[PDB]
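Presented below, as structure tokens, is a lone chain in the form deposited in one PDB entry.
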């Protein structure tokens, strides 16, 4: 297996469509011993994760909760056994109130909402790193889920801003991570039809935003030289695993594009 004998912490599972669910599945297929972290609906995350190729301890983590982060390292160690450390940390956490995404005009998102979104979607990449780096082995790897925010786009609005902030956070996490011999990087993925994304397209955040995001998401497979199948997280999950492996040993504070090459193409 690619990740044989590796202890990897995988955050972000909420449904069977979560990118993290596919990251977890592939890493287990590649021999990783995982520890999962869930938020709020833990009875659901447990039931969802029962479908993973193997059993993995589930720990609760609200990245906005300062006690959860402080108690994280200890709780992780209790699950993996004393004397054992993590080799991989996967941040697949993202959130933005409806004021920040969708139909709501960009100027109408109040700061308290944008702040909540940058805390969960960007600051938490450094929060997780702080907590987990003392219990990470040299050669270890932190991977975060990004969406290319280099250019503005319709509807994605403040969530775009949170991604720009996260790409900056990552470059700084890399500086700290490196002192522990650990790499920190992001995977900028093409659009993936998660339950939330599907709802949006179906008009959950308004019709105008839904049409904008359906058009936006169709432009990937057109630009992408090798195509883009938005109903398939496996190519994304495989890239995350390439970064958790020992095959990208000189890459840190960087972004790897699992987007079918669509970002390299104008038309």
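Numbering follows the first chain given and starts at 1. Only residues modelled in both forms are compared. Superpose the two forms; the largest set of C-alphas matching within 1.5 Å is the rigid core.
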Looking only at C-alpha temperature factors in the entry, 253-261 or 14-22, the higher average sits in 14-22
Per the entry, higher mean C-alpha B factor between 61-69 and 227-235: 61-69
Based on the PDB entry, the highest CA temperature factor among the options 92, 124, 99, 141 is that of 99
If you rank every modelled residue in this chain by C-alpha B factor, which third holds residue 74: lowest, middle or highest? highest
Sorting the chain's modelled residues by C-alpha B-factor, tell me whether residue 120 ends up in the lowest, middle or highest third. middle
Can you tell me which third, lowest, middle or highest, the CA B-factor of residue 83 falls into for its chain? highest
Residue 133: C-alpha B-factor third of its chain, per the entry, is the middle
CA B-factor ranking of residue 44, expressed as a third of its chain: highest
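If you look for the form deposited in another entry, you will not find it shown, but the lines that follow are about it.
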Pick from 48, 233, 63, 200: whose Cα moves by 2 Å or more between this form and the one not shown, rigid core superposed? 200
Align on the rigid core first; then say whether the Cα of residue 217 has moved by at least 2 Å between this form and the one not shown. yes
Checked in the other entry: CA of residue 121 to CA of residue 199 differs by 3 Å or more, atoms lying closer
Over in the other structure, so in the other entry, do residue 115 and residue 208 pull closer or drift farther apart at the C-alpha level? The difference is 3 angstroms or more. farther
I need the moving stretches between this form and the one not shown: superpose on the rigid core, then report runs of 3+ consecutive residues where each CA shifts by 2 Å or more, in sequence order. 198-205, 207-218
